[PDB]
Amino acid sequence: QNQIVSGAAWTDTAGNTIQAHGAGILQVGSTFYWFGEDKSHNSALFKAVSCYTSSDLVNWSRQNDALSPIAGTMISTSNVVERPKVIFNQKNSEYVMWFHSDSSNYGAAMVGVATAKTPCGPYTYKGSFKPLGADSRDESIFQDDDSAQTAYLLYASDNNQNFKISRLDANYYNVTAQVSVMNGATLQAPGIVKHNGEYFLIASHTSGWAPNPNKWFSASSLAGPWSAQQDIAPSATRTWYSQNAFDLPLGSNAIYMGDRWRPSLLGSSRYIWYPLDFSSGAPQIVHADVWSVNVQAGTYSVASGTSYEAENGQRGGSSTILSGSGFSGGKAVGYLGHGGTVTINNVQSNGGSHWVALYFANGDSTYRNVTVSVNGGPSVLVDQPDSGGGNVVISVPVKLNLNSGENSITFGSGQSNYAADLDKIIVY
């Protein structure tokens, strides 16, 4: 049944908001382990490397925290611990965790290591350092599938200007040699997945918390040469408002796992997971608002839903129709909220709880929100991130309770702040 619904608030088996940002994924046997920053405290300072497990990548269960602060050290609560990655060391039968270990102004620019014999740990800190003497901020660990299972650190170096790939020693404890450097790449948030014997690097450019168009690069060796940057998503959408975290191989394709960073409320940062489809020979995000993964078969199924054009709705109050090449049908409804509404009618449904995808444009740099009322019911307030332009449409999901047969859905009523411009909705 379960569904990967990007943008919705995800909850563990305990009903608590998952707090595993900067995802790192490890698969011991039939269990998946998801590692991330715990951001419960709405701050970038360190609180925990969390630990969640699952058997099918949707139903997650929060274990003990795999790494926890230590006062007077550099994994203390005055420091920063980002993007935990974990591979398994066959030789030592040992789980080695890498992370970006830094100071609160990111001037320290180090890696940190920790080990444990249990996948979810807890892990003991072995210390932090500059890899081969150089800056390391955003990083990732690639485990090759050669016989030695050689591991590589991927990291943004020299104040994020030069992207580097270096080989890990046979213990995964330190870096033995450089392999590759892209000078002036200003790449961060890296991941690598190996597909058809070719290495694909995925990475953001550097733009603070602001999402930018993430890029793919390929090479037949980790040393290179690497292809020039290409898009994994439509450029205007800024990776569908997200930033790469982990790229997990899945059958003959992969899953793109990104974070939607909310700097002003970091705990509430969302998880953006999409099929990464290689049918063209290269990774492309499949913009699936709702989709399912069958891990055992390495397949994904993209749920198909029904589109309703916001402009075919019934406007109320001071809402308007707007025109733009970014809108589906060429139109959207503006001036929603602050006295303007639109009701979408004859939304057909077998009844129950249905994921509905609100397609909108938000030209501001800050969040808006919209009220959503089904058949005159009490409204839920749905968040609307900055979209990248009044002509750029991304989508957020809201789970709604419909009746069998004909429903209505009302946007913008009972809110004094303007909402974002509604392009359409897709009822799954």
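From 1 onward, residues are counted along the sequence shown.
Stretch comparison (121 to 129 versus 332 to 340) by mean CA B-factor in the PDB entry places 121 to 129 on top. The stretch with the higher mean CA B factor, choosing between 71 to 79 and 318 to 326, is 71 to 79.
Of the residues listed, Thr150, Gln161, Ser221, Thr239, the entry assigns the biggest Cα temperature factor to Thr150.
Within the group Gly267, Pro234, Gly112, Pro283, the record's highest C-alpha temperature factor is found at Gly267.
When the modelled residues of the chain are ordered by their C-alpha B factor, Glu139 lands in the lowest third. When all modelled residues of the chain are sorted by CA temperature factor, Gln384 is found within the lowest third. Annotation for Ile202: C-alpha temperature factor in the lowest third relative to the rest of the modelled chain, per the entry. The PDB entry assigns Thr17 a C-alpha temperature factor belonging to the highest third of its chain's modelled residues.
Split the chain's modelled residues into thirds by C-alpha temperature factor. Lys85 is in the middle one.
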